[PDB]
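# Observations on the three-dimensional arrangement
What follows is the residue order along each chain.
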Amino acid sequence: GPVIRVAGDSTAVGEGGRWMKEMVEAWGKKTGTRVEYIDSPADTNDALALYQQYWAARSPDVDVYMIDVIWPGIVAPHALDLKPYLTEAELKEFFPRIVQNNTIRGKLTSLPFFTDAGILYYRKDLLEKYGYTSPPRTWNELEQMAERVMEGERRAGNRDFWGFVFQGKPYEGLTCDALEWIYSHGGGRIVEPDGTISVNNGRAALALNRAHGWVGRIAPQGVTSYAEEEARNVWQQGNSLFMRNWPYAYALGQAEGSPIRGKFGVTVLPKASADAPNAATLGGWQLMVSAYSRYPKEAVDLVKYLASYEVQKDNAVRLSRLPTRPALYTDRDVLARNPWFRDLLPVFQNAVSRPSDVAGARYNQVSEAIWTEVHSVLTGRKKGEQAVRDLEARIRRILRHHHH
Ligand SMILES: OC[C@H]1O[C@H](O[C@H]2[C@H](O)[C@@H](O)[C@@H](O)O[C@@H]2CO)[C@H](O)[C@@H](O)[C@@H]1O
């Protein structure tokens, strides 16, 4: 019978890829359908480029793709419209914001699978050791805490110890981190939902200068090459007071044999001042049936399974990844394992989006401009003031003649 082939989630990031292959195999066994899994690269922008090769070829060789929240406007031609396959009641079981994000010109490109928001990981043991009672609320507090704890831990003999790790590599994850820096300084959304390119302002420049200030001081010099896993590995070995990362890192830090099990919490990222907005970049992944699949009915069935209550539950409990079903945030077993899901729900619902709606199919070009100009501040090549001016110009060229 058919072989249903799935591209999604990378075995190079946490346990995601192993778990996803497990779920696909479970569906195959349940339905008596042969299945195969195709591994993806760690970085989302690399995965996009890989999947674009299949799409350009109208290739039937992948039936189902795990797609990033920032992708629907790029990938819509390559997606089977799921709208006719779901009842209105079925669709309403997902967060409306994410169903809306995944709907492009009326086409439901993909079902919501898991959501994501950037958060602050912090070492509770180390805060207590050094006389702090709460995690930092302002970036200045984060810097002051990081300097004090680093001084102490280095004096105590840990030469691997840093104050703060984050994603500073030139790739999409830096766009995520930078949106949080800029938005939390009251510098705006880089490109506003209405199309205004707002980034050339002093608050956005300050945010970027601040982040440069961390490099080689409270964060490793090598942070300019860090993606999610490189940051996580410093953190997870016990060598960082603070980390910016996504929810998946929580379950990994709590696993048996983790050096930091039981020693951390999570909270909203800091902000410049009490009147700035909280910043948490909206992430997450969706499930797309390929427009080029020869087996749309079977592929839709698998996608519905993967996005189901019990599979999302298993993702939450085992991998601490955020459900796209509001009902799971009240499930006793989800909450018992991840109490912070309740505590930070408002952070997740107020997460700030990257400018993928407004940039539509040009988003990847816009983001490449953002991460390259930001990276030039991090590396010291440019000051924030010059970078936000140069970024304004670049985005203006990229989006000239584009309307949403
Ligand atoms: O790097 C930016 C990318 O980060 C997140 O995707 C991670 C995800 O949290 C992990 O659980 C796993 O699936 O790896 C993904 C990276 O391949 C965001 O969800 C995504 O929106 C964002 O672009």
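The numbering scheme counts residues from 1 along every chain following its written sequence, independent of the entry's numbering, with residues that lack coordinates not shown. Heavy atoms from the whole structure form the basis of all side-chain values; hydrogens and water molecules are not counted.

Method of determination for the deposited model, per the PDB record: X-ray crystallography, at 1.6300 Å resolution.

### Points about the overall build of the protein
What counts, and what does not: Helix and strand assignments come from DSSP, with helices taken as H or I runs of at least 4 residues and strands as E runs of at least 2, each series counted from the N terminus. Radius of gyration: C-alpha atoms only; globule rule: 2.2 Å multiplied by the number of residues to the exponent 0.38. Categorising residues by exposure relies on relative accessible area from a 1.4 Å probe, with only protein chains included: less than 20% of the type maximum marks a residue as buried, more than 50% marks it as exposed, and the intermediate range marks it as partly exposed. Throughout, a contact is declared for two residues whenever any of their heavy atoms are within 4.5 Å. Calculation of accessible area relied on Shrake-Rupley with a 1.4 Å probe; when residues are assessed, cover is drawn exclusively from the protein chains displayed. When charges are counted, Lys and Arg are positive and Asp and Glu negative, with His and the chain ends excluded. For this purpose, a charge sits on NZ of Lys, CZ of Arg, CG of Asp or CD of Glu.
Helices and strands together make up the secondary structure of the protein, namely 19 helices and 12 strands. Its C-alpha atoms give the protein a radius of gyration of 21 Å, within 12% of the compact-globule value 22 Å for 404 residues. With respect to the principal axes defined by its C-alpha atoms, the protein has extents near 65 × 50 × 30 Å. Looking at the protein as a whole, 59% of its 404 residues qualify as buried. A sequence separation of at least 24 residues applies to 73% of the contacts in the protein between residues at least 6 apart. About 16700 Å² of surface is accessible on the protein, with carbon and sulfur atoms providing 47% of the total. One finds the centroid of the 50 positive side-chain charges in the protein at a distance of 1 Å from the centroid of its 47 negative side-chain charges.

### A few points about the sheet that holds strand β12 (residues 322-323)
Keep this limit in mind: Here, any two strands with at least 2 DSSP bridges between them count as paired. Where helices are involved, their axes are fitted lines through C-alpha atoms of the stretch in contact, as for all axes, and angles between N-to-C directions lie from 0 to 180°.
Read from one edge to the other, the open sheet built from 6 strands follows the order β2-β1-β3-β11-β6-β12, with strand pairing classed as mixed. Each edge of the open sheet is held by one strand with a lone partner, namely β2 (34-38) and β12. Looking at chain direction, strand β1 (residues 3-7) and β2 are connected through 5 bridges and run parallel. By the bridge assignment for β2, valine 6 is matched with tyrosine 37. Strands in contact with helix α12 (residues 296-306) are β1, β3 (64-68), β6 (111-117) and β11 (282-289); relative to β11, the strand with the most contacts, it is inclined by about 150 degrees.

### So, the environment of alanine 205
Relative to the assigned elements, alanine 205 resides in helix α9 (residues 202-214). In this structure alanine 205 comes out as buried when scored by relative accessible area, which is 3%. In contact with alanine 205, other than residues within four places in its own chain, are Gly384, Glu385 and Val388.

### Some points on the environment of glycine 188
Structurally, the position occupied by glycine 188 is in the loop between α8 (172-183) and α9. Sequence separation of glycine 188 and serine 198 is 10 residues, and the distance between their C-alpha atoms is 6.7 Å. Apart from residues lying up to four places away in sequence, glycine 188 is in contact with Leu179, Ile182 and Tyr183.

### Some words on the domain arrangement of the protein
Note the following rule: Where each domain begins and ends is defined by an automated method or by a domain database. Accessible area, probed at 1.4 Å, shrinks when two parts are joined; the buried area is that loss added up over both. A side-chain nitrogen of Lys or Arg and a carboxyl oxygen of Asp or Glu constitute a salt bridge if their distance falls within 4 Å. Residues are grouped as follows: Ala, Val, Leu, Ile, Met, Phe, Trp, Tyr, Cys and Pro are nonpolar; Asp, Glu, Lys and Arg are charged; all remaining types, including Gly, are polar.
Per the domain assignment, the segments of the protein are domain 1 (1-116 + 283-350) and domain 2 (117-282 + 351-404). Here the C-alpha centre of domain 2 lies 26 Å away from the C-alpha centre of domain 1. The interface is formed by 29 residues belonging to domain 1 together with 31 residues belonging to domain 2. For the pair domain 1 and domain 2, the summed buried area comes to about 2400 Å², and 63% of that belongs to carbon and sulfur atoms. The three residues of domain 1 that bury the most area against domain 2 are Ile70, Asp116 and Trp340, which together make up 23% of that side's buried surface. At the junction of domain 1 and domain 2, the tally comes to 1 salt bridge. Of the charged contacts in the structure, one is a salt bridge between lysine 169 and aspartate 43, with a shortest N-O distance of 2.8 Å. Tallied by class, the residues present in the side of domain 1 that touches domain 2 amount to 12 nonpolar, 10 polar and 7 charged.

### Concerning α9
Worth spelling out the cut-off: Given a helix with a known number of residues, its expected span is that number minus one, times 1.5 Å. The definition of a polar contact used here is a pair of N or O atoms within 3.5 Å, where within protein one atom must be able to donate a hydrogen and the other to accept one, and adjacent residues in sequence count solely through side-chain atom pairs.
Counted at 1.5 Å a residue, the expected span for α9 with its 13 residues is 18 Å, and the 19 Å between its end C-alpha atoms agrees. Among all positions of α9, only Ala204, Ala205, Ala207, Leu208, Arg210, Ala211 and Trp214 are buried. In this fold, the buried residues of α9 make contact with α7 (139-155), β8 (162-165), α8, α18 (363-378) and α19 (384-399). With a side-chain oxygen positioned 2.9 Å from the backbone nitrogen of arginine 203, the residue opening α9 is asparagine 201. Positioned one or two residues after α9, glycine 216 has a phi angle of 80 degrees, which is positive.

### Considerations on the pattern of salt bridges
This model, assessed by the stated rule, comprises 24 salt bridges. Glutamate 153 serves as the salt-bridge partner of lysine 129, at 2.7 Å between the closest nitrogen and oxygen. Placement of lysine 129 in helix α6 (residues 124-129) and of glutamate 153 in helix α7 is noted, with a sequence separation of 24 residues between them. Relative accessible area serves as the criterion here: at 52%, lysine 129 is assigned to the exposed category. Using a relative accessible area of 11% as the deciding quantity, one classes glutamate 153 as buried.

### Side note on the sheet that holds strand β10 (residues 264-267)
Pairing is mixed in the open sheet, where 4 strands are placed in the order β8-β9-β7-β10. At either end of the open sheet lies a strand with only one pairing partner, and these are β8 and β10. Between one strand axis and the next, the sheet turns by 15 degrees as a mean value, whatever way the strands run. Sheet topology note: the β8/strand β9 (residues 240-245) ladder contains 3 bridges and is parallel. Residue pairing across strands places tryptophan 162 opposite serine 240, the latter belonging to β9.

### A short note on the site of the ligand
Put simply, the rule reads: Any residue with at least one heavy atom within 4 Å of a molecule or strand is counted as near it. Buriedness for pockets is judged along seven lines, at least five of which must meet protein on both sides within 12 Å for an open set on the 1 Å grid over protein atoms alone, while cavities are sets there where a 1.4 Å probe fits but cannot get out, and lining residues have an atom within 4 Å of a point. Throughout, a molecule is located in a cavity or pocket provided that more than half of its atoms lie within 2 Å of its grid points.
The environment of the ligand is formed by 19 residues, the closest being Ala42, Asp68, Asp116, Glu228 and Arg354. At 2.9 Å, a backbone N or O of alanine 42 approaches an oxygen atom of the ligand. Expressed as a share of its isolated accessible area of 490 Å², the protein-covered part of the ligand is 98%. The cavity that encloses the ligand is the largest cavity. Contributions of two or more residues to the shell around the ligand are made by β6, α8 and β11. For the shell around the ligand, the element with the most residues is β11, which contributes 3 residues. The residue makeup of the shell around the ligand, split by class, is 8 nonpolar, 4 polar and 7 charged. Looking at which domains feed residues into the shell around the ligand, each of domain 1 (1-116 + 283-350) and domain 2 (117-282 + 351-404) supplies at least three.

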